[PDB]
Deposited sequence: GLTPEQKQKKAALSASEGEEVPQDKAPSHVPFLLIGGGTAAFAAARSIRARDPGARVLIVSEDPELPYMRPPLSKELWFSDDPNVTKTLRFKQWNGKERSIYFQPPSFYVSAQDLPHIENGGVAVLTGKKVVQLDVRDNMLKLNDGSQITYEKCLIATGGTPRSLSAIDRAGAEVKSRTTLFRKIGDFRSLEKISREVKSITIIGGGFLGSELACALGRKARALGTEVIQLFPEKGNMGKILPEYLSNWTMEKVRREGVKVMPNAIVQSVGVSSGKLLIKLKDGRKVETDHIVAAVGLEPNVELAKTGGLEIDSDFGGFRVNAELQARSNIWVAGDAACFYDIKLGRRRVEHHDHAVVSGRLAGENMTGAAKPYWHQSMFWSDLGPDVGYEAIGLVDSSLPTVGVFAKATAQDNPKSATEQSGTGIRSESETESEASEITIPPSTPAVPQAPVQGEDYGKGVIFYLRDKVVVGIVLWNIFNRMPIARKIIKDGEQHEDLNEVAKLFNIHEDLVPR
């Protein structure tokens, strides 16, 4: 199946690998590129798994994995149809090369010194240029680690097609599902499950340690506004909640909180962050970043002379913003594409800043860029939403911008229901100016109000 030598070898079959393959092929039109993917599926995008796939009213959505965007346009979760790819076997013999995906195969050893790697079935493959695009694995909760296998079996860690399938089936079978975690993924799943639950009259609970949803990223006002919005989707939200233990009590899961509260439920979804997939650093003799996690790479995403790293697993040097590790779709696309350019001699640093988005249904959306963290100083500027200011229409307060500052300069921006303005946010961050008045900068985002106390 696997050829013995491949020029370009990409480890992991996700978003960063797909983008690098595309980039390599655009820059070297006869290039021969092999993606080694431990999953059985060809490369696909994750965002719809917590969003549009749940809003489909086609009962075969779980089989088709096609969805409608908020504006009604239908598409596949897969980046390309299967016919786009060439077989791994044909890859050395096909005139003008191509991209092949070896599915169901895991790279288990990296022998950097010999430009060679080993698969789980013992096959060995040599390369000229290699990209590590291994992503991450969801973290669990130590309280759940400590509980039995019975609790573990009724806890979902949500990241793939198989998890969407299993959880979707669970939502049709049980009466109560509890999401643990207040981040964007937990909050997206809450709204998705809350929507499903209204048709059946069942319950969705969300609990997290912070005062409100996305508390680690959004300042207080907007975090609180968001918690109230999730509640309006028919979710019972429980802020200020730290899990002490989880057990089974009379068939039910019983979550005990540190404050003495107890929550009975049928199933748990644990959305408490990602562990970057760095097992290959050991055999590879590659450095892991002890501050941010992931493989430590430079401004050009390079680890060693013929090894790059992109996507969720790459801790990189941002010449403007400092060392970072980002776990976002567009970042996987941007960093995968850049690695591909650098693998074909571009020698370019990360410059173009990647973006983030989240939707809580067709009516509420966030976009963000740069360094966004609720511990940084912030300035928020808000206004009443017009008709156009929701994810669907783009494709008392209801919208606004939040500037995140360091050394008096904007280093991150969150846009709340403001669409088609990311280029402006990216420019503000790039220019690094000390703004005399951020209410005047907010006018760049079509927010036009008198100054308000804060």
item: Segments lacking C-alpha coordinates (deposited sequence numbering, starting at 1); value: 1 to 24, 420 to 456
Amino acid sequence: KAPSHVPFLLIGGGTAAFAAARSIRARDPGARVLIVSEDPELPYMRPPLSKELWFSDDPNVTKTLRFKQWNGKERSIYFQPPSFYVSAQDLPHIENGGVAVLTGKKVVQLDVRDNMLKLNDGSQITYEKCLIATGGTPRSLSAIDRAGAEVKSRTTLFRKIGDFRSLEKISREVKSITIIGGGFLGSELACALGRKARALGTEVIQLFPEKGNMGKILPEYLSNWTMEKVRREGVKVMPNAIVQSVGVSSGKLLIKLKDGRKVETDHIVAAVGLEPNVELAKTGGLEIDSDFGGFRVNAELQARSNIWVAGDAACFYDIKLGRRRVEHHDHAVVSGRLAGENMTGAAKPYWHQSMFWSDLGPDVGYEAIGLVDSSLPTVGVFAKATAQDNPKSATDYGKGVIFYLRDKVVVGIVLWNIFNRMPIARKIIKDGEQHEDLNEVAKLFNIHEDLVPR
From here on, numbers count along this sequence of modelled residues.
| property | result |
| --- | --- |
| 273 to 281 versus 328 to 336 - greater average Cα B-factor per the deposited record | 273 to 281 |
| Segment of higher mean CA temperature factor, 312 to 320 or 172 to 180 | 172 to 180 |
| Most elevated Cα B-factor in the entry, residues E300, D163, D363, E203 | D363 |
| C-alpha B-factor winner, where the candidates are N240, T265, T134, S249 | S249 |
| Entry-reported Cα temperature factor of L117, expressed as the chain third it lands in | highest |
| Record-listed C-alpha B factor of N420: chain third | lowest |
| Position of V36 among the chain's modelled residues by C-alpha B-factor, lowest, middle or highest third | middle |
| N224 CA temperature factor, ranked by third within the chain | middle |
| Among modelled residues of the same chain, the CA temperature factor third for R426 | lowest |
